[PDB]
$ cat structure.cif   # mmCIF, C-alpha atoms; chains and numbers go by the auth columns
data_target
#
loop_
_atom_site.group_PDB
_atom_site.id
_atom_site.type_symbol
_atom_site.label_atom_id
_atom_site.label_comp_id
_atom_site.label_asym_id
_atom_site.label_seq_id
_atom_site.Cartn_x
_atom_site.Cartn_y
_atom_site.Cartn_z
_atom_site.B_iso_or_equiv
_atom_site.auth_seq_id
_atom_site.auth_asym_id
ATOM 1 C CA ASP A 1 93.605 201.138 -134.028 0.00 1 A
ATOM 2 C CA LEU A 2 93.743 204.924 -133.466 0.00 2 A
ATOM 3 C CA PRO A 3 91.570 205.712 -136.562 0.00 3 A
ATOM 4 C CA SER A 4 88.554 203.990 -135.034 0.00 4 A
ATOM 5 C CA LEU A 5 89.301 205.690 -131.710 0.00 5 A
ATOM 6 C CA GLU A 6 89.090 209.226 -133.068 0.00 6 A
ATOM 7 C CA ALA A 7 86.062 208.144 -135.097 0.00 7 A
ATOM 8 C CA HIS A 8 84.371 207.061 -131.860 0.00 8 A
ATOM 9 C CA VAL A 9 85.256 210.260 -130.003 0.00 9 A
ATOM 10 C CA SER A 10 84.051 212.371 -132.938 0.00 10 A
ATOM 11 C CA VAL A 11 80.770 210.434 -132.953 0.00 11 A
ATOM 12 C CA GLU A 12 80.388 211.033 -129.215 0.00 12 A
ATOM 13 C CA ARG A 13 81.044 214.754 -129.701 0.00 13 A
ATOM 14 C CA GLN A 14 78.473 214.907 -132.505 0.00 14 A
ATOM 15 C CA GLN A 15 75.887 213.185 -130.307 0.00 15 A
ATOM 16 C CA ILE A 16 76.670 215.615 -127.481 0.00 16 A
ATOM 17 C CA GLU A 17 76.165 218.591 -129.802 0.00 17 A
ATOM 18 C CA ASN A 18 72.886 217.089 -131.019 0.00 18 A
ATOM 19 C CA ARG A 19 71.750 216.771 -127.402 0.00 19 A
ATOM 20 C CA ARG A 20 72.778 220.394 -126.837 0.00 20 A
ATOM 21 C CA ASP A 21 70.685 221.584 -129.787 0.00 21 A
ATOM 22 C CA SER A 22 67.753 219.499 -128.539 0.00 22 A
ATOM 23 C CA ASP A 23 68.096 221.186 -125.143 0.00 23 A
ATOM 24 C CA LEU A 24 68.141 224.576 -126.875 0.00 24 A
ATOM 25 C CA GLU A 25 64.931 223.759 -128.750 0.00 25 A
ATOM 26 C CA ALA A 26 63.208 222.383 -125.645 0.00 26 A
ATOM 27 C CA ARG A 27 64.094 225.421 -123.535 0.00 27 A
ATOM 28 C CA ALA A 28 62.960 227.766 -126.309 0.00 28 A
ATOM 29 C CA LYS A 29 59.615 225.958 -126.489 0.00 29 A
ATOM 30 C CA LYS A 30 59.223 226.071 -122.703 0.00 30 A
ATOM 31 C CA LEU A 31 60.029 229.793 -122.622 0.00 31 A
ATOM 32 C CA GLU A 32 57.481 230.429 -125.374 0.00 32 A
ATOM 33 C CA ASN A 33 54.848 228.481 -123.431 0.00 33 A
ATOM 34 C CA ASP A 34 55.637 230.422 -120.248 0.00 34 A
ATOM 35 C CA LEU A 35 55.383 233.727 -122.120 0.00 35 A
ATOM 36 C CA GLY A 36 52.053 232.717 -123.644 0.00 36 A
ATOM 37 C CA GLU A 37 50.635 231.623 -120.292 0.00 37 A
ATOM 38 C CA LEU A 38 51.441 234.982 -118.649 0.00 38 A
ATOM 39 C CA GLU A 39 51.112 237.110 -121.794 0.00 39 A
ATOM 40 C CA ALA A 40 47.744 238.566 -120.741 0.00 40 A
ATOM 41 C CA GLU A 41 48.795 239.302 -117.135 0.00 41 A
ATOM 42 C CA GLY A 42 49.588 242.987 -116.688 0.00 42 A
ATOM 43 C CA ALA A 43 51.888 243.329 -113.679 0.00 43 A
ATOM 44 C CA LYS A 44 55.315 244.692 -112.787 0.00 44 A
ATOM 45 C CA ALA A 45 58.338 243.712 -114.858 0.00 45 A
ATOM 46 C CA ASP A 46 60.172 241.804 -112.118 0.00 46 A
ATOM 47 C CA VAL A 47 57.122 239.827 -110.968 0.00 47 A
ATOM 48 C CA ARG A 48 56.547 238.363 -114.437 0.00 48 A
ATOM 49 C CA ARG A 49 60.265 238.175 -115.316 0.00 49 A
ATOM 50 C CA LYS A 50 61.463 236.206 -112.273 0.00 50 A
ATOM 51 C CA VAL A 51 60.463 232.891 -113.867 0.00 51 A
ATOM 52 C CA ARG A 52 62.100 233.922 -117.146 0.00 52 A
ATOM 53 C CA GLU A 53 65.297 234.804 -115.276 0.00 53 A
ATOM 54 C CA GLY A 54 65.212 231.411 -113.573 0.00 54 A
ATOM 55 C CA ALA A 55 64.757 229.612 -116.891 0.00 55 A
ATOM 56 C CA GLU A 56 67.594 231.599 -118.469 0.00 56 A
ATOM 57 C CA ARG A 57 69.866 230.729 -115.542 0.00 57 A
ATOM 58 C CA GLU A 58 68.883 227.072 -115.922 0.00 58 A
ATOM 59 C CA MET A 59 69.859 227.141 -119.597 0.00 59 A
ATOM 60 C CA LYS A 60 73.098 228.972 -118.773 0.00 60 A
ATOM 61 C CA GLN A 61 74.110 226.316 -116.251 0.00 61 A
ATOM 62 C CA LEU A 62 73.059 223.561 -118.672 0.00 62 A
ATOM 63 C CA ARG A 63 75.319 224.954 -121.400 0.00 63 A
ATOM 64 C CA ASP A 64 78.144 225.459 -118.894 0.00 64 A
ATOM 65 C CA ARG A 65 77.835 221.818 -117.816 0.00 65 A
ATOM 66 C CA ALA A 66 77.835 220.713 -121.461 0.00 66 A
ATOM 67 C CA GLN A 67 81.000 222.727 -122.100 0.00 67 A
ATOM 68 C CA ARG A 68 82.649 221.255 -119.003 0.00 68 A
ATOM 69 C CA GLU A 69 81.795 217.668 -119.942 0.00 69 A
ATOM 70 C CA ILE A 70 83.025 218.059 -123.528 0.00 70 A
ATOM 71 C CA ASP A 71 86.215 219.675 -122.213 0.00 71 A
ATOM 72 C CA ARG A 72 86.845 216.788 -119.822 0.00 72 A
ATOM 73 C CA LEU A 73 86.172 214.269 -122.601 0.00 73 A
ATOM 74 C CA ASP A 74 88.792 216.028 -124.727 0.00 74 A
ATOM 75 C CA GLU A 75 91.192 216.059 -121.768 0.00 75 A
ATOM 76 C CA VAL A 76 90.727 212.315 -121.218 0.00 76 A
ATOM 77 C CA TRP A 77 91.289 211.629 -124.917 0.00 77 A
ATOM 78 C CA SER A 78 94.489 213.694 -124.872 0.00 78 A
ATOM 79 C CA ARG A 79 95.668 211.937 -121.705 0.00 79 A
ATOM 80 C CA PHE A 80 95.173 208.523 -123.299 0.00 80 A
ATOM 81 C CA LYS A 81 96.937 209.679 -126.473 0.00 81 A
ATOM 82 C CA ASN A 82 100.270 210.325 -124.717 0.00 82 A
ATOM 83 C CA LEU A 83 100.159 207.549 -122.109 0.00 83 A
ATOM 84 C CA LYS A 84 103.409 205.674 -121.448 0.00 84 A
ATOM 85 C CA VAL A 85 104.860 203.396 -118.785 0.00 85 A
ATOM 86 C CA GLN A 86 105.990 204.758 -115.412 0.00 86 A
ATOM 87 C CA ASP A 87 103.356 207.510 -115.617 0.00 87 A
ATOM 88 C CA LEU A 88 102.024 208.394 -112.181 0.00 88 A
ATOM 89 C CA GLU A 89 98.335 209.283 -112.276 0.00 89 A
ATOM 90 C CA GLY A 90 96.275 210.426 -109.313 0.00 90 A
ATOM 91 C CA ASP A 91 92.724 211.706 -109.811 0.00 91 A
ATOM 92 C CA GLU A 92 90.915 208.473 -108.965 0.00 92 A
ATOM 93 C CA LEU A 93 87.940 209.656 -111.023 0.00 93 A
ATOM 94 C CA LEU A 94 90.079 210.231 -114.120 0.00 94 A
ATOM 95 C CA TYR A 95 91.688 206.802 -113.768 0.00 95 A
ATOM 96 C CA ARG A 96 88.292 205.131 -113.375 0.00 96 A
#

$ encode --input "structure.cif" --output "structure tokens"
Amino acid sequence: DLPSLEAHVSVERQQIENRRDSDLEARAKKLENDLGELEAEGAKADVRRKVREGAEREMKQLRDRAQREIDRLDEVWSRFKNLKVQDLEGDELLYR
């Protein structure tokens, strides 16, 4: 049954990448809206750029979390691939 298994994991990865691109588009739109709202406000660079820095950090952590979750999905798939009897396995979360 392995064929269907890698088909399923590939489909999950494709959906994850689609969600990532949707997040990219949404954050780009939000940044554009924020820029437009404060486009006419003439103030210091940091005062107007603090919100932009926060949004960029939010996107950075979002992409880092996406990378981490895809990496753990790949790790779980690899672990199941080479699973045999008498294999000790801690990591309660991984077993669940």

$ residues_around --input "structure.cif" --residues "residue A:9" --least-positions-apart "2" --cutoff "12 Å" --atoms "all atoms listed in the file" --output "tab-separated table (two decimals) with C-alpha atoms, in the frame of the given file"
chain	number	residue	atom	x	y	z
A	2	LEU	CA	93.74	204.92	-133.47
A	3	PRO	CA	91.57	205.71	-136.56
A	4	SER	CA	88.55	203.99	-135.03
A	5	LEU	CA	89.30	205.69	-131.71
A	6	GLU	CA	89.09	209.23	-133.07
A	7	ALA	CA	86.06	208.14	-135.10
A	11	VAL	CA	80.77	210.43	-132.95
A	12	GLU	CA	80.39	211.03	-129.22
A	13	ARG	CA	81.04	214.75	-129.70
A	14	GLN	CA	78.47	214.91	-132.50
A	15	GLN	CA	75.89	213.18	-130.31
A	16	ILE	CA	76.67	215.62	-127.48
A	70	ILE	CA	83.02	218.06	-123.53
A	73	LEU	CA	86.17	214.27	-122.60
A	74	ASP	CA	88.79	216.03	-124.73
A	75	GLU	CA	91.19	216.06	-121.77
A	76	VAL	CA	90.73	212.32	-121.22
A	77	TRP	CA	91.29	211.63	-124.92
A	78	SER	CA	94.49	213.69	-124.87

$ atom_distance --input "structure.cif" --atom1 "atom CA of residue A:55" --atom2 "atom CA of residue A:27"
7.9 Å

$ residues_around --input "structure.cif" --residues "stretch 30-34 of chain A" --least-positions-apart "3" --cutoff "12 Å" --atoms "all atoms listed in the file" --output "mmCIF file with C-alpha atoms, keeping the file's coordinate frame"
data_model
loop_
_atom_site.group_PDB
_atom_site.id
_atom_site.type_symbol
_atom_site.label_atom_id
_atom_site.label_comp_id
_atom_site.auth_asym_id
_atom_site.auth_seq_id
_atom_site.Cartn_x
_atom_site.Cartn_y
_atom_site.Cartn_z
ATOM 1 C CA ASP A 23 68.096 221.186 -125.143
ATOM 2 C CA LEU A 24 68.141 224.576 -126.875
ATOM 3 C CA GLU A 25 64.931 223.759 -128.750
ATOM 4 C CA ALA A 26 63.208 222.383 -125.645
ATOM 5 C CA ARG A 27 64.094 225.421 -123.535
ATOM 6 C CA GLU A 37 50.635 231.623 -120.292
ATOM 7 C CA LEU A 38 51.441 234.982 -118.649
ATOM 8 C CA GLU A 39 51.112 237.110 -121.794
ATOM 9 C CA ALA A 40 47.744 238.566 -120.741
ATOM 10 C CA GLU A 41 48.795 239.302 -117.135
ATOM 11 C CA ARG A 48 56.547 238.363 -114.437
ATOM 12 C CA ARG A 49 60.265 238.175 -115.316
ATOM 13 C CA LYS A 50 61.463 236.206 -112.273
ATOM 14 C CA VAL A 51 60.463 232.891 -113.867
ATOM 15 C CA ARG A 52 62.100 233.922 -117.146
ATOM 16 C CA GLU A 53 65.297 234.804 -115.276
ATOM 17 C CA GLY A 54 65.212 231.411 -113.573
ATOM 18 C CA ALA A 55 64.757 229.612 -116.891
ATOM 19 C CA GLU A 56 67.594 231.599 -118.469
ATOM 20 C CA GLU A 58 68.883 227.072 -115.922
ATOM 21 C CA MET A 59 69.859 227.141 -119.597
#

$ atom_distance --input "structure.cif" --atom1 "atom CA of residue A:61" --atom2 "atom CA of residue A:92"
25.6 Å

$ atom_distance --input "structure.cif" --atom1 "atom CA of residue A:35" --atom2 "atom CA of residue A:63"
21.8 Å

$ build_atoms --input "structure.cif" --residues "stretch 75-95 of chain A" --atoms "N, CA, C and O atoms" --output "JSON list (two decimals), in the coordinates of the input"
[["chain", "number", "residue", "atom", "x", "y", "z"],
["A", 75, "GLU", "N", 90.03, 216.24, -122.63],
["A", 75, "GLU", "CA", 91.19, 216.06, -121.77],
["A", 75, "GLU", "C", 91.52, 214.58, -121.58],
["A", 75, "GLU", "O", 92.69, 214.19, -121.62],
["A", 76, "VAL", "N", 90.50, 213.75, -121.38],
["A", 76, "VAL", "CA", 90.73, 212.32, -121.22],
["A", 76, "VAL", "C", 91.31, 211.72, -122.50],
["A", 76, "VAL", "O", 92.22, 210.89, -122.46],
["A", 77, "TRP", "N", 90.77, 212.13, -123.65],
["A", 77, "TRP", "CA", 91.29, 211.63, -124.92],
["A", 77, "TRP", "C", 92.76, 212.01, -125.09],
["A", 77, "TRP", "O", 93.59, 211.17, -125.46],
["A", 78, "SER", "N", 93.10, 213.26, -124.78],
["A", 78, "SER", "CA", 94.49, 213.69, -124.87],
["A", 78, "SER", "C", 95.37, 212.91, -123.91],
["A", 78, "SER", "O", 96.48, 212.49, -124.27],
["A", 79, "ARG", "N", 94.89, 212.68, -122.69],
["A", 79, "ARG", "CA", 95.67, 211.94, -121.70],
["A", 79, "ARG", "C", 95.95, 210.53, -122.20],
["A", 79, "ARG", "O", 97.07, 210.03, -122.06],
["A", 80, "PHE", "N", 94.95, 209.87, -122.78],
["A", 80, "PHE", "CA", 95.17, 208.52, -123.30],
["A", 80, "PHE", "C", 96.10, 208.54, -124.51],
["A", 80, "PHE", "O", 96.82, 207.57, -124.74],
["A", 81, "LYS", "N", 96.09, 209.63, -125.28],
["A", 81, "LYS", "CA", 96.94, 209.68, -126.47],
["A", 81, "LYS", "C", 98.41, 209.54, -126.12],
["A", 81, "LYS", "O", 99.15, 208.81, -126.79],
["A", 82, "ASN", "N", 98.86, 210.23, -125.07],
["A", 82, "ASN", "CA", 100.27, 210.32, -124.72],
["A", 82, "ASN", "C", 100.58, 209.55, -123.44],
["A", 82, "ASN", "O", 101.35, 210.00, -122.59],
["A", 83, "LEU", "N", 99.99, 208.36, -123.30],
["A", 83, "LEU", "CA", 100.16, 207.55, -122.11],
["A", 83, "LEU", "C", 101.30, 206.56, -122.32],
["A", 83, "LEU", "O", 101.32, 205.83, -123.31],
["A", 84, "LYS", "N", 102.24, 206.54, -121.37],
["A", 84, "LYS", "CA", 103.41, 205.67, -121.45],
["A", 84, "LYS", "C", 103.66, 205.06, -120.08],
["A", 84, "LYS", "O", 103.04, 205.44, -119.08],
["A", 85, "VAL", "N", 104.57, 204.09, -120.04],
["A", 85, "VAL", "CA", 104.86, 203.40, -118.78],
["A", 85, "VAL", "C", 105.48, 204.36, -117.78],
["A", 85, "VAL", "O", 106.00, 205.43, -118.12],
["A", 86, "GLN", "N", 105.43, 203.96, -116.51],
["A", 86, "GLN", "CA", 105.99, 204.76, -115.41],
["A", 86, "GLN", "C", 105.39, 206.16, -115.39],
["A", 86, "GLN", "O", 106.09, 207.15, -115.16],
["A", 87, "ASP", "N", 104.09, 206.25, -115.63],
["A", 87, "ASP", "CA", 103.36, 207.51, -115.62],
["A", 87, "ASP", "C", 102.45, 207.52, -114.39],
["A", 87, "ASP", "O", 101.39, 206.89, -114.38],
["A", 88, "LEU", "N", 102.88, 208.23, -113.35],
["A", 88, "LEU", "CA", 102.02, 208.39, -112.18],
["A", 88, "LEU", "C", 100.74, 209.11, -112.57],
["A", 88, "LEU", "O", 100.74, 210.00, -113.43],
["A", 89, "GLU", "N", 99.64, 208.72, -111.94],
["A", 89, "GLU", "CA", 98.34, 209.28, -112.28],
["A", 89, "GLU", "C", 97.46, 209.20, -111.03],
["A", 89, "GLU", "O", 97.00, 208.11, -110.66],
["A", 90, "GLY", "N", 97.24, 210.34, -110.39],
["A", 90, "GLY", "CA", 96.28, 210.43, -109.31],
["A", 90, "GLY", "C", 94.88, 210.56, -109.89],
["A", 90, "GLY", "O", 94.56, 209.92, -110.89],
["A", 91, "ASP", "N", 94.05, 211.40, -109.27],
["A", 91, "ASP", "CA", 92.72, 211.71, -109.81],
["A", 91, "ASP", "C", 91.93, 210.42, -110.06],
["A", 91, "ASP", "O", 91.61, 210.05, -111.19],
["A", 92, "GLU", "N", 91.63, 209.74, -108.95],
["A", 92, "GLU", "CA", 90.92, 208.47, -108.96],
["A", 92, "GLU", "C", 89.79, 208.48, -109.99],
["A", 92, "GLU", "O", 89.59, 207.49, -110.71],
["A", 93, "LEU", "N", 89.04, 209.58, -110.06],
["A", 93, "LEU", "CA", 87.94, 209.66, -111.02],
["A", 93, "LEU", "C", 88.45, 209.56, -112.46],
["A", 93, "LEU", "O", 87.87, 208.84, -113.28],
["A", 94, "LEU", "N", 89.53, 210.28, -112.77],
["A", 94, "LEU", "CA", 90.08, 210.23, -114.12],
["A", 94, "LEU", "C", 90.56, 208.83, -114.46],
["A", 94, "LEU", "O", 90.33, 208.34, -115.58],
["A", 95, "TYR", "N", 91.23, 208.16, -113.52],
["A", 95, "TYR", "CA", 91.69, 206.80, -113.77],
["A", 95, "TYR", "C", 90.51, 205.86, -114.00],
["A", 95, "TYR", "O", 90.56, 205.02, -114.90]]
